[PDB]
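Participant: Next up is a structure, given as structure tokens.
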Amino acid sequence: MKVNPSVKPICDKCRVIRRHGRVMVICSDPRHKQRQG
Amino acid sequence: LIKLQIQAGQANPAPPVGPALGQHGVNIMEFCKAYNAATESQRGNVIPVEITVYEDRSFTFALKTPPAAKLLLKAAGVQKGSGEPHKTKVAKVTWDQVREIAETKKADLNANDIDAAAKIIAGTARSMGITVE
Amino acid sequence: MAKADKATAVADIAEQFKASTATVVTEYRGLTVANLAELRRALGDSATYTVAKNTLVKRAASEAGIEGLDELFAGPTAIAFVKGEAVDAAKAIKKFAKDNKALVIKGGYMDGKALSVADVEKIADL
Amino acid sequence: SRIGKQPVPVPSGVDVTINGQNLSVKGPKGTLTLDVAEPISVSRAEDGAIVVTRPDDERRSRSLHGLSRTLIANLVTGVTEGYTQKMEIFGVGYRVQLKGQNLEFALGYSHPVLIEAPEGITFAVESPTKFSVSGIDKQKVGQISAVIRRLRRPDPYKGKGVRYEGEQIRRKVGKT
Amino acid sequence: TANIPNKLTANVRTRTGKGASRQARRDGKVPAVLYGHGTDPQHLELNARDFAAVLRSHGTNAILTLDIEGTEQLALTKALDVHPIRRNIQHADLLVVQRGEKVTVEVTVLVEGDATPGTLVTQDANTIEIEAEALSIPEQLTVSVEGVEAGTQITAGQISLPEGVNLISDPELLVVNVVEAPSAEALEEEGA
Amino acid sequence: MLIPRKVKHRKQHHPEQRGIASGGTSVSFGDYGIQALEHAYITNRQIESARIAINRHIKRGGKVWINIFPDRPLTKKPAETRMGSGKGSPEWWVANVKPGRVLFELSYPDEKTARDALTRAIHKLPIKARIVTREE
Amino acid sequence: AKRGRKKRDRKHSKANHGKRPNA
RNA sequence: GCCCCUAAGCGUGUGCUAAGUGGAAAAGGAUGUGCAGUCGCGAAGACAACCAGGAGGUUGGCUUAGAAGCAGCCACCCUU
RNA sequence: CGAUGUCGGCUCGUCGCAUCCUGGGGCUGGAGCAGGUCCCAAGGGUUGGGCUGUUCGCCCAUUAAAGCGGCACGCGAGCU
Ligand SMILES: [Mg+2]
Ligand SMILES: [Zn+2]
């Protein structure tokens, strides 16, 4: 999990969603997992 | 279920056939001897072989015509293809050799007419950077 | 695809139907392009094997009294015209279907009539 | 929306009722009730079906339409057919068996871990590595399935642990 | 070649000035002035949306026909004032034209085609001006760059023109310059 | 690293950040450009960094123009010094940038990498900027 | 700098009309 | 300024906000939402899902240990 | 400026978390042991000596750890 002010879809399998008022990036690759904070 | 391109005159190669044949349960020696017999009868160029497998580990070899690229190389007289196709031309082929290879590709291919194989070989020569004339 | 390309297709199929005495509709479900290449080899020498939009052939069928074949277009449709004779395509199709077990003989068209599978097989037996 | 506009068909063997917003469905497998969101109107189609309707078009109603339809479909399916999910265990020395109604696992710990059976859920182990979790409610089935699935931390090297039926986990290589 | 004039409705300005023009622009209109060989400046206001549509469709020098309280007047867009930030149109100068009148107007030059892979195409003059009959101003001029090798200059005199249009600016005005593609190392010393 | 060959006066009042730009507001040499949307002094180190970034993302082809030259000097006093005792010594070179000014200019075959290089340059500048093109 | 920030932002009241002594 | 402290409106009409934003802040990140405007495709059936395919030539050549549609360069074609 | 005692140490604390230990996790170029990095968390704990006025630092033995800061660089009508 990467927590940065900037989150982006690193690859083509990354999806940008919003959970509980936070922008997250969820991917099948765990490295690409990141949230905004 | 694998296919390979391999020299006619020698069996048991190091790079291409060894490991791929091994990881499929095919007997190396019997295939080597049968292929060597067939390729000594052939004695033209290297030949491509397809490997078909069964549940009883029996192996069947599928021997096609000599490769079109190699036939064009022998027809143009050069050994190695042009490093910059369409930018430097190493050799030129008349329609007799192209049409002989077209008959070869007709025998090995799905083409309905020899003209289709002729244009196929012309495209191959374009890919190599070899003029067809 | 565009409207102009579609209309060119309609004209092409209309002229192909005008140029053939008979036409047979079958199924190509679960067929590999290798099998299609073999069928093209065995047919294009004498017959013509084609596939298109069912609705586009529906628009191509409004010319002559062949609007009754619309019911036979439910599912994949493979069009086999007979430029030479009228039954060689039917026999080749039936043998291909028996060999592959994947082609269901959807129907045919003879003498301005739409026939069933049994009638088409009987005509091929003739 | 598109989910919300497709009504659910109701087989013959299931009893339904509508009491205001509340809805109850009785079938061969048991009784299960539901209460739906206020903006959404639920009905009984006379042709043997259930029709859901959103009188408005705003985001909230447009979202609840599909959710309500899918919950209704799940409700009818749960009583008509029932839900079941199977698991396989991987790894050497990993087993499972029924201690009566409960589940006992052998996952390498110094103690055997026992999983209680909540109400409405019944297990059935057939092989010491393969078993299945069955139940009438999809939500409960999924919950107990997930709890059982998390009994061991993910193992990308050997793959030891509890898996779903067709799950393909990710694996890597520890060369040393 | 002829272009059908685009119909537009213009109203004479009751009040002219900075505040009046600001108000008119706030109502989605565009103030403009109409003058010509008749020597009679008329102050108008045009709808911004339809004027913008006309300009977008037919370039920056579009023939217009203006309905001014029932009178039809032919006009040509002489100049446009554009705010550099908001990119809207603030003012337009409309020139009075009649059939059979020669005007001198900029016309954009765009290039098409594909040159040698080892060359870079550079356009020096964005627009060129020509003498043409007011009703037959070409929408654009095009230069084809195909099979062009290494350093080759395409100048104004080498530009193909339609029938009845005359190039007034000198032919030596370089419009498109084709040069060898700068190497990866040649980009590290330009600008330092 | 751009520095003027000489200046008539080494110490100058600060450039004024008033109004919007009146010259160089349109793309003229290349196909795409970077336009400023703020007022800011832009130093030659920032220009160097942006130019290097565009060159790196563009690789072989393409040509880059810099319509902005840092000819205005800024001075700073030596550290730990009280106020007074004259003006500082010139040790920055900046160029005054108003909104509407087109700073950089690019001419490249493909739109995607053209815009990507321009964005890479923009992220190195101290201003809000946008990419503009020749067509109206 | 919270104290100075609070004072200078308190300048922005409706009653002060955007100006205050010591800003 | 007008819910109560605290004098006077839990005023009227039409919309917006879900953040207690209102009741502090930057570069930048982001399928939040309302409005207005352009362009693409679509009942001759669009997009998503699903099923069946998605070949042969040929492993196109240079190049290497290797090159097989996918270290790297080139052109980049033909039949169904 | 008709006086607001100033560095270290002692005694006594109290608060913040930007966490040193213990506690909970995500990703690892995480096999295991042990780590690296990021997120959560302030309940308690956080040693004794050599040198130097020293803060600091270096060193010697340990320890789970030998945290970083504010409080007139806390504390002289409490001491030196
Ligand atoms: Mg910036
Ligand atoms: Zn990803």
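Labels for the structure tokens follow display order: chains A, B, ..., residues from 1 in each chain, ligands from 1.
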Could you write out as a PyMOL selection string the residues of chain H within 6 Å of chain B, counting only C-alpha atoms (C1' of nucleotides)?
Facilitator: chain H and resi 60-62+74-75+77-79
Participant: Please produce an output containing N, CA and C atoms (P, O5', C5', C4', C3', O3' and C1' of nucleotides) for each residue in the selection, written as a PDB file, in the first residue's frame.
Facilitator:
ATOM      1  P     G H  60       9.010 -15.578 -38.386  1.00  0.00           P
ATOM      2  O5'   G H  60       9.571 -14.892 -39.705  1.00  0.00           O
ATOM      3  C5'   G H  60       9.867 -15.661 -40.860  1.00  0.00           C
ATOM      4  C4'   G H  60      10.174 -14.765 -42.027  1.00  0.00           C
ATOM      5  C3'   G H  60      11.569 -14.156 -42.029  1.00  0.00           C
ATOM      6  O3'   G H  60      12.527 -15.006 -42.636  1.00  0.00           O
ATOM      7  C1'   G H  60       9.966 -12.449 -42.348  1.00  0.00           C
ATOM      8  P     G H  61      13.438 -15.982 -41.745  1.00  0.00           P
ATOM      9  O5'   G H  61      14.911 -15.719 -42.286  1.00  0.00           O
ATOM     10  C5'   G H  61      15.777 -14.814 -41.624  1.00  0.00           C
ATOM     11  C4'   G H  61      16.004 -13.562 -42.433  1.00  0.00           C
ATOM     12  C3'   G H  61      17.016 -12.584 -41.856  1.00  0.00           C
ATOM     13  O3'   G H  61      18.357 -12.931 -42.154  1.00  0.00           O
ATOM     14  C1'   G H  61      15.057 -11.413 -42.409  1.00  0.00           C
ATOM     15  P     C H  62      19.283 -13.604 -41.026  1.00  0.00           P
ATOM     16  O5'   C H  62      20.334 -12.467 -40.656  1.00  0.00           O
ATOM     17  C5'   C H  62      21.055 -11.767 -41.662  1.00  0.00           C
ATOM     18  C4'   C H  62      21.463 -10.403 -41.171  1.00  0.00           C
ATOM     19  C3'   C H  62      22.135 -10.389 -39.803  1.00  0.00           C
ATOM     20  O3'   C H  62      23.537 -10.574 -39.901  1.00  0.00           O
ATOM     21  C1'   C H  62      20.369  -8.807 -39.844  1.00  0.00           C
ATOM     22  P     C H  74      14.144   0.573 -37.069  1.00  0.00           P
ATOM     23  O5'   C H  74      14.168  -0.132 -38.495  1.00  0.00           O
ATOM     24  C5'   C H  74      14.995   0.352 -39.542  1.00  0.00           C
ATOM     25  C4'   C H  74      14.998  -0.606 -40.703  1.00  0.00           C
ATOM     26  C3'   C H  74      13.628  -0.946 -41.269  1.00  0.00           C
ATOM     27  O3'   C H  74      13.157   0.033 -42.178  1.00  0.00           O
ATOM     28  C1'   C H  74      14.868  -2.937 -40.948  1.00  0.00           C
ATOM     29  P     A H  75      11.782   0.815 -41.893  1.00  0.00           P
ATOM     30  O5'   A H  75      10.760   0.201 -42.950  1.00  0.00           O
ATOM     31  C5'   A H  75      11.023   0.267 -44.346  1.00  0.00           C
ATOM     32  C4'   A H  75      10.979  -1.102 -44.974  1.00  0.00           C
ATOM     33  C3'   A H  75       9.595  -1.717 -45.148  1.00  0.00           C
ATOM     34  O3'   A H  75       8.960  -1.309 -46.349  1.00  0.00           O
ATOM     35  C1'   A H  75      11.020  -3.279 -44.102  1.00  0.00           C
ATOM     36  P     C H  77       3.043  -3.468 -45.708  1.00  0.00           P
ATOM     37  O5'   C H  77       3.210  -4.071 -47.172  1.00  0.00           O
ATOM     38  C5'   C H  77       2.242  -4.962 -47.701  1.00  0.00           C
ATOM     39  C4'   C H  77       2.877  -6.195 -48.295  1.00  0.00           C
ATOM     40  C3'   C H  77       1.918  -7.333 -48.599  1.00  0.00           C
ATOM     41  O3'   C H  77       1.255  -7.159 -49.838  1.00  0.00           O
ATOM     42  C1'   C H  77       3.848  -8.172 -47.496  1.00  0.00           C
ATOM     43  P     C H  78      -0.347  -7.260 -49.924  1.00  0.00           P
ATOM     44  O5'   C H  78      -0.609  -8.785 -50.283  1.00  0.00           O
ATOM     45  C5'   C H  78      -0.073  -9.348 -51.469  1.00  0.00           C
ATOM     46  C4'   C H  78      -0.088 -10.851 -51.416  1.00  0.00           C
ATOM     47  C3'   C H  78      -1.409 -11.487 -51.021  1.00  0.00           C
ATOM     48  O3'   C H  78      -2.317 -11.567 -52.104  1.00  0.00           O
ATOM     49  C1'   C H  78       0.370 -12.523 -49.844  1.00  0.00           C
ATOM     50  P     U H  79      -3.897 -11.461 -51.844  1.00  0.00           P
ATOM     51  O5'   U H  79      -4.325 -12.947 -51.465  1.00  0.00           O
ATOM     52  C5'   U H  79      -4.363 -13.968 -52.450  1.00  0.00           C
ATOM     53  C4'   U H  79      -4.725 -15.301 -51.847  1.00  0.00           C
ATOM     54  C3'   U H  79      -6.003 -15.323 -51.022  1.00  0.00           C
ATOM     55  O3'   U H  79      -7.147 -15.523 -51.831  1.00  0.00           O
ATOM     56  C1'   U H  79      -4.254 -16.361 -49.810  1.00  0.00           C
TER      57        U H  79
END
Participant: Name the residues, by chain letter and number, that sit within 8 Å of ligand 1 using only C-alpha atoms (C1' of nucleotides) and all ligand atoms, and give them as JSON, numbers by chain.
Facilitator: {"F": [122, 123, 124, 125, 126, 127, 128, 129], "H": [27]}
Participant: Residues contacting ligand 2 - anything with an atom at most 6 Å away, using only C-alpha atoms (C1' of nucleotides) and all ligand atoms - can you give me those as an mmCIF file with N, CA and C atoms, in the first residue's frame?
Facilitator:
data_model
loop_
_atom_site.group_PDB
_atom_site.id
_atom_site.type_symbol
_atom_site.label_atom_id
_atom_site.label_comp_id
_atom_site.auth_asym_id
_atom_site.auth_seq_id
_atom_site.Cartn_x
_atom_site.Cartn_y
_atom_site.Cartn_z
ATOM 1 N N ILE A 10 -0.902 3.009 -12.552
ATOM 2 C CA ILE A 10 0.422 2.699 -13.089
ATOM 3 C C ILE A 10 0.319 1.894 -14.378
ATOM 4 N N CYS A 11 -0.501 0.855 -14.381
ATOM 5 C CA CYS A 11 -0.601 -0.053 -15.514
ATOM 6 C C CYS A 11 -1.999 0.018 -16.115
ATOM 7 N N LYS A 13 -4.209 -2.475 -15.929
ATOM 8 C CA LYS A 13 -5.151 -3.222 -15.105
ATOM 9 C C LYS A 13 -5.586 -2.455 -13.865
ATOM 10 N N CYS A 14 -5.073 -1.248 -13.660
ATOM 11 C CA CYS A 14 -5.393 -0.461 -12.482
ATOM 12 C C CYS A 14 -6.725 0.251 -12.667
ATOM 13 N N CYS A 27 -5.484 -2.886 -7.956
ATOM 14 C CA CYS A 27 -4.974 -3.670 -9.068
ATOM 15 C C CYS A 27 -4.774 -5.103 -8.610
ATOM 16 N N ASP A 29 -2.132 -6.655 -9.295
ATOM 17 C CA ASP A 29 -0.763 -6.611 -8.809
ATOM 18 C C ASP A 29 -0.725 -5.854 -7.491
ATOM 19 N N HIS A 32 0.891 -2.245 -7.203
ATOM 20 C CA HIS A 32 0.170 -1.103 -7.737
ATOM 21 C C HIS A 32 -0.906 -0.591 -6.797
#
Participant: Enumerate, in order of chain and increasing residue number, the residues of chain D with an atom no farther than 9 Å from chain I, each with its shortest atom pair and distance in Å to one decimal, counting only C-alpha atoms (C1' of nucleotides), as JSON lines.
Facilitator:
{"residue": "D:157", "atom": "CA", "partner": "I:31", "partner_atom": "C1'", "distance": 7.2}
{"residue": "D:173", "atom": "CA", "partner": "I:31", "partner_atom": "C1'", "distance": 8.0}
{"residue": "D:174", "atom": "CA", "partner": "I:31", "partner_atom": "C1'", "distance": 4.8}
{"residue": "D:175", "atom": "CA", "partner": "I:31", "partner_atom": "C1'", "distance": 7.1}
{"residue": "D:176", "atom": "CA", "partner": "I:31", "partner_atom": "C1'", "distance": 6.4}
Participant: So that I can see what lies close to residue 78 of chain I, please list as a PDB file with N, CA, C and O atoms (P, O5', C5', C4', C3', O3' and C1' of nucleotides), in the first residue's frame the residues with an atom at most 10 Å from it, counting only C-alpha atoms (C1' of nucleotides) and leaving out residues fewer than 2 positions away in the same chain.
Facilitator:
ATOM      1  P     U I  11      18.404  14.071  40.526  1.00  0.00           P
ATOM      2  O5'   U I  11      17.226  14.865  41.237  1.00  0.00           O
ATOM      3  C5'   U I  11      17.164  14.976  42.648  1.00  0.00           C
ATOM      4  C4'   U I  11      16.013  15.849  43.073  1.00  0.00           C
ATOM      5  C3'   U I  11      14.692  15.593  42.373  1.00  0.00           C
ATOM      6  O3'   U I  11      13.975  14.511  42.934  1.00  0.00           O
ATOM      7  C1'   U I  11      15.133  17.903  42.384  1.00  0.00           C
ATOM      8  P     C I  12      12.999  13.637  42.018  1.00  0.00           P
ATOM      9  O5'   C I  12      11.830  14.638  41.623  1.00  0.00           O
ATOM     10  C5'   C I  12      10.881  15.069  42.582  1.00  0.00           C
ATOM     11  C4'   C I  12      10.012  16.171  42.039  1.00  0.00           C
ATOM     12  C3'   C I  12       9.199  15.826  40.807  1.00  0.00           C
ATOM     13  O3'   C I  12       8.032  15.081  41.085  1.00  0.00           O
ATOM     14  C1'   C I  12      10.264  17.887  40.466  1.00  0.00           C
ATOM     15  P     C I  75      13.361  28.347  33.083  1.00  0.00           P
ATOM     16  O5'   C I  75      13.256  27.703  34.531  1.00  0.00           O
ATOM     17  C5'   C I  75      12.271  28.147  35.450  1.00  0.00           C
ATOM     18  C4'   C I  75      12.065  27.153  36.565  1.00  0.00           C
ATOM     19  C3'   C I  75      13.228  26.967  37.522  1.00  0.00           C
ATOM     20  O3'   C I  75      13.256  27.949  38.538  1.00  0.00           O
ATOM     21  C1'   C I  75      12.417  24.857  36.838  1.00  0.00           C
ATOM     22  P     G I  76      14.233  29.219  38.440  1.00  0.00           P
ATOM     23  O5'   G I  76      15.461  28.841  39.373  1.00  0.00           O
ATOM     24  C5'   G I  76      15.255  28.382  40.699  1.00  0.00           C
ATOM     25  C4'   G I  76      16.276  28.955  41.643  1.00  0.00           C
ATOM     26  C3'   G I  76      16.148  30.441  41.933  1.00  0.00           C
ATOM     27  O3'   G I  76      15.225  30.697  42.978  1.00  0.00           O
ATOM     28  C1'   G I  76      18.409  29.889  41.450  1.00  0.00           C
TER      29        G I  76
END
Participant: What's around residue 22 of chain G at 12 Å? Count only C-alpha atoms (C1' of nucleotides), leave out sequence neighbours fewer than 5 positions away in its own chain, and write the answer as a VMD selection string.
Facilitator: chain G and resid 4 7 to 11
Participant: Using only C-alpha atoms (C1' of nucleotides), which residues of chain I come within 9 Å of chain A, and what is the closest atom pair for each, with the distance in Å to one decimal? Give it as CSV, sorted by chain and residue number.
Facilitator:
residue,atom,partner,partner_atom,distance
I:26,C1',A:1,CA,4.9
I:27,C1',A:1,CA,5.7
I:28,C1',A:31,CA,8.6
I:38,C1',A:2,CA,6.7
I:39,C1',A:3,CA,7.4
Participant: Restricting it to C-alpha atoms (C1' of nucleotides), dump the selection as a PDB file, in the first residue's frame.
Facilitator:
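Wrote it out as selection_15.pdb, contents follow:
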ATOM      1  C1'   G I  26       0.135  -3.245   3.621  1.00  0.00           C
ATOM      2  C1'   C I  27       4.112  -3.951  -0.213  1.00  0.00           C
ATOM      3  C1'   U I  28       8.816  -6.339  -0.719  1.00  0.00           C
ATOM      4  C1'   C I  38       5.139   2.822   4.427  1.00  0.00           C
ATOM      5  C1'   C I  39       0.262   3.307   7.300  1.00  0.00           C
TER       6        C I  39
END
